[PDB]
Each structure stands twice: as C-alpha cells, then as structure tokens.
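Read the single chain below, which is given as structure tokens and is the form deposited in one PDB entry.
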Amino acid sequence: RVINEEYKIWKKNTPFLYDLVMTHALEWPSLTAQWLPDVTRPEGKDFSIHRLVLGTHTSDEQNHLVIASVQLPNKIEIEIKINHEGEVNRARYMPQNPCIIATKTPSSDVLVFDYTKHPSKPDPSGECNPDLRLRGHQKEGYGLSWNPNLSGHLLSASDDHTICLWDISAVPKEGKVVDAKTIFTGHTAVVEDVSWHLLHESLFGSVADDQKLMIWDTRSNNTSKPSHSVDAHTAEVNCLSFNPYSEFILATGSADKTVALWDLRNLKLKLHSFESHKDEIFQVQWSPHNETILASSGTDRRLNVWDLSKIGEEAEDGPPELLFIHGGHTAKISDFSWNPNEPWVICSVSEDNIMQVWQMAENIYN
C-alpha cells in the first residue's frame, strides 16, 4: 500500500542513494546476521571474499546454521550448513577463535559449534550434534555475547528473566555439556539483549521487557542486584550496543520507537533520544569504523543510520542526526551487521527471506 509507493520512490532514487545494493533471497529467512572478521583479497581479481554467519527459520523442515560467502568489489554462495535443532534465534562467533559459533535455539539450551569439526554438507539424518550444549536457562532467548577479553566467556539472555554466563575455556575434550557459571536475576521480565563492554572484562549490560537497562560487575558476589539499574524507556528494551571508540557511551533500542544514548558516568539522565522509527526497534549497532555513527532497525522495515555529530544542527525528512534511511526491505528486519573490513557496508536480513548487502553513497557521509 504505502509500502508499494515508498518502495517505488526508493527504487527510483536508488542509483543516487547507494554505491552498492545487492539483493538475495535465501531459501528460508534468517533471524540473524554477522560478518565473520576475515577477508580474502586475491591478487588477480577485482573483488574480495567476505563471509557471513546466518541461520534458517523454517516451518516443518530441517534448520541449519549457515556460513555464506559474499563477493564485494574492490555473488553470494552457501559454503557450510550445519544441522541445527529448531530455528537459529541468534548466532555469534567467538572473537578469540571465529571458528567457534554460539547459537540460541527455540528451546532452553545454548549451543556451541566449531565449524571446522563438522562437514560442509550436513548429514540428511538431521541430527544436531553440537560441540557443547550450555545449560542454565528454562526458555529460549535472543541476547548472546562473547567476552573479547576473556576467552570462552559467553553471556546469554532469556525469556526466563535471567542472564546466564558460561566459561567454556577449560571444558574436557570429551565433555559435551556445560552448566552455567553464574546466573544473574536482576530483571523482573523477559531479558531481551546482553552485551559485554569492549575494554572492561568484568562489565556487561542487559536490557529487558521491564523497561530497564542494567549494568553488571561480574566481580560482585550479589547476582540479584546490578551495579546500576536504569529506567531506560517507556516500553520493552530490545537491544543495546557499546560504542567501540568511546568507552563510556552506549545505546539502547526499544518498543517505544526510540534509540536512547547513555553515558556510564551519569546513567540517571538519558543523553539523547533518536526519534524517527514508526514501530518497535529490535537491533542497534555502532559503526565499527566511525565513532559518531550508529544504526538501528526493526518492525517498521527501516534501517536508520544516525550521526551524533549532527545533533542540534540547523526539516520534514527527519532530525538532522538522521543520516540515512535504508528502505530496501519490505518486511520486518530481523538483524543486521556492519562489515568490519569495508567501511559503510551493511548486511541486513528481513522476515521475507531477503538479505541485502549495501553501502550508501559516498557523498552522503562525505
């Protein structure tokens, strides 16, 4: 309706809005997307090869954890599919060994796969044979975060109102199950997301349907009370992201249709509220290359890119800090990931099976 018209305007202006737009329909939709950190740049080719961690979300068919390759200028193909029990709610690679991938399932167990220990072609028997099953939750969830300073320390958020932490660094070779090291119980509702700080090995944040942002210190013996509890939004908080250049700064996204900006030195007062989304926000992620650049996505089928440096600048298109609106998707966006090796390239995935790899025009970000 308005979707068809707004899509027509988008199509029309696409040649001026983008330096790259690649569109691919996956067999089944992916709920998750994350660029792997590796890139190969062949000497006798005009492209480089990047890889993505994806998943399936099926009805009445075998699900898989997926690694796909993407050719980017200086084609998209499925390289690996691993049998997965149920849809992949979220999949994230371990920074210290990106062959290790944790997944969230529609049941309580959190799974870990080392993809070098599985065939690239899945057995049609469909057995899910994860390297580890991580126990501690009672329900499925979404939030998942590996500690970049403590190898094998993984956080998980669950619809059971808890956050679990595992340390998988010293599991016996033939051990296949790991019990949670610590369970954090501060939230009073579904915990939607969790994320470690980039620098402080003991600091992580969580957000929940209780409308709160909580900041946790793993060195504390009290796992029921966070270091800070913040009334962050006027509705469910679905996501958070720490700024990788500015150690005190983070962002949260919410069902209240806003992204909030926070300073860890004064959490009692929101620094800023980014307003433009027309429905619930499910993902927020800072740019890996640019300190003032943040993106957000959700149910309004839009991915907004925000530039903090334009806050308060001197109309009807949106606020000055709204840099770009990506309107390529015509269904709810499930996840997205900034490419870590190619500035301004994003992969976003929507519920209608579409994956887009795109890059706004150079003249837009200067």
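Residue indices: 1-based, along the sequence shown. Between two forms, the rigid core is the largest collection of C-alphas that superpose within 1.5 Å.
Omitted from view is the form deposited in another entry, to which the following refers.
Among the candidates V178, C128, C239, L111, the CA atom that moves 2 angstroms or more between the shown form and the other one after core superposition belongs to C128 alone. Relative to the superposed core, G141 undergoes a Cα shift of 2 Å or more between the shown form and the other one. Core-superposed comparison between the shown form and the other one: CA of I9 displaced by 2 Å or more. Here's the thing about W166 and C128: their CA atoms end up at least 3 Å farther apart in the other entry than they are in this form. A change of 3 Å or more separates the two forms for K139 and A260: their C-alpha atoms lie closer together in the other entry.
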